[PDB]
């Protein structure tokens, strides 16, 4: 039982970026709705709580109940990661992104190359590139679904996730890619 997009949207929540968790070269909008990768010398004040190797930032709030939906503009970017993760993940190191390791994400590897972070990863057959991606967590059921909002179509669902403890959003705007992927991810209101 995976919702149709319009169903999932009914559970729209208000996510903001936690800049203090963030990989040090990530740059943010004042409203903490947008994040982009800056230059090696554009840097946040350092702390032991930051990602050190993965270009990640976590969203707030964490949650451990209900149905939760949010949407992110990815636009014409060539690379990104979007989904949710256990609040307990380590931020030191490229831990492999997997349900087992507490990560449910979809990744754009490059133009025309998208995978769900199953293990092994599932190559998704995406016909219309999403300009906007929807994430829907049903905590009680143990499901997280990904939507192509642009096309109004379902991309992928992880089911029987058996969630325990709090989940939160996670985001990567990818590496710079010669200047073709400098655009940010932007958390957007439904509409």
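Residue numbers count along the first chain shown, from 1.
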*Comparing 20 to 28 with 166 to 174, where is the mean C-alpha B-factor higher?*
20 to 28
*asked:* Tell me which stretch has the larger mean Cα B-factor in this entry, 145 to 153 or 123 to 131.
replied: 123 to 131
_Most elevated Cα B-factor in the entry, residues 44, 161, 137, 64_ = 44
_Selection by C-alpha B-factor (highest) of 74, 89, 107, 84_ = 89
*Just say lowest, middle or highest third for the CA B-factor of residue 94 relative to the other modelled residues in its chain.*
highest
_Third of chain Cα B-factors occupied by residue 5_ = middle
*If you rank every modelled residue in this chain by C-alpha B factor, which third holds residue 36: lowest, middle or highest?*
middle
_Position of residue 187 among the chain's modelled residues by C-alpha B-factor, lowest, middle or highest third_ = lowest
*Can you tell me which third, lowest, middle or highest, the CA B-factor of residue 112 falls into for its chain?*
highest
